[PDB]
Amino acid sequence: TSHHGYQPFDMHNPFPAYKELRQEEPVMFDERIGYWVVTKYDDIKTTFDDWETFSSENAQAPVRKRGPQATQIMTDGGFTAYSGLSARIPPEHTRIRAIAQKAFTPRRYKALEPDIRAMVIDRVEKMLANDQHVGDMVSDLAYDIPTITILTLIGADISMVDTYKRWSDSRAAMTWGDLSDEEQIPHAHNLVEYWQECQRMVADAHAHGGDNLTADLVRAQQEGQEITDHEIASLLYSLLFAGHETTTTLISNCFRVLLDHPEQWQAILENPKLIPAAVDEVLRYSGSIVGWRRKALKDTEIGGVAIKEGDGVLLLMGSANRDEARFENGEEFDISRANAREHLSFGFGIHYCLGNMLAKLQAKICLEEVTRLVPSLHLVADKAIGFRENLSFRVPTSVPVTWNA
């Protein structure tokens, strides 16, 4: 290979290539995707931190250029969205993030803990009633929970879980997938639908108020806060995607990785108090996002390597998280790892994940109830888990499990 084993869209096990890259070419120009690929912890954290030099404005630009058909569909369909927050830059970013944070209050979703817990228990019970004692932590638990949670917060109809998963799959594929022009066409139609619904919900809040995040955002604007209807709709476009896709993945990975480390699953059974540190280590070792993008605003350097104004940068947090310079025996999963929260799976700096607490809350509750109700849980077999191809999102498509009668 010419890129040290790195295959940009191959999500099944990228960590040996990350390791090779850190040692051999820590800042590597990859012409196959058009980015400087960055793999060391210190280089990645410094780049996140320096927002004045490295803009996030390309974080939502498609990795593969939008072809003619998709372009026509989305133009004809009134698609005018780009980024609610992640790819905005100051001063717009600063203004809109502050308004989002003030509506997205911690006390608002922690009041959903009992509903989330009851929901988890219901799914576990339904799974255990299966006619073969075989389950899948993705379809039988992780799929629904964060989705219903974020839909409830935003004020969307919870019967639309399957629709939002289709819209979410399409955003993930369109923007970070290796799609042909023809493959972009169904996703384009879905993105059009998605954006129309975001706008519809802002209009509905204007007309009828409500008790949710959308209505709160409209009430802020009504009280004089500077945020337009297009910006509120864009915050919905953001939250109705970012607010569940990666948490579904996280919950899935919690079971995938822990069930593969029986000694540590057993520790969790024995002491449920270890679960939050366990989630920290799953986030380091198996974060939902392994790479995120930046754009150089001027000639600069990363790790001593010259980067041109306008060059794209792919920061591989999945690699940062294994860097021996920051994490001793970094390739090993260890729930007791004291500095696991130094991980960069939520980013760092001005765009740092808005919903990180909500995501950890749901992972914790899932682990608490599943370990309580099915301590004998284990993987169906080895080599039974595949990952969808994507530049940035590392998504196990299933986690087949079984248990004792």
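We number the residues from 1 along the sequence you see.
Name the higher of the two by mean Cα B-factor in the PDB entry, 242-250 versus 171-179.
The deposited B-factors put 242-250 ahead on the C-alpha mean.
Report the stretch with the higher mean CA temperature factor, choosing between 74-82 and 216-224 on the basis of the entry.
For C-alpha atoms only, the mean B-factor is higher in 216-224.
Out of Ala340, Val374, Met28, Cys353, which residue has the highest Cα temperature factor in the PDB record?
So the option with the highest C-alpha B-factor is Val374.
Maximum C-alpha temperature factor per the entry, among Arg294, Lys273, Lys165, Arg97, belongs to which one?
When the deposited C-alpha B-factors of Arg294, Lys273, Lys165, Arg97 are compared, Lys273 is largest.
For the chain shown, is the CA B-factor of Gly318 in the lowest, middle or highest third of its modelled residues?
According to the entry, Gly318 has a C-alpha B-factor in the chain's lowest third.
Report the third (lowest, middle or highest) to which the CA temperature factor of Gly304 belongs, ranking only the modelled residues of the same chain.
Highest third.
Can you work out whether the C-alpha temperature factor of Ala359 puts it in the lowest, middle or highest third of the chain?
According to the entry, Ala359 has a C-alpha B-factor in the chain's lowest third.
Where does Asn404 sit by CA temperature factor within its chain: lowest, middle or highest third?
Highest third.
Ordered by C-alpha B-factor within the chain, which third holds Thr397? Give me lowest, middle or highest, please.
Middle third.
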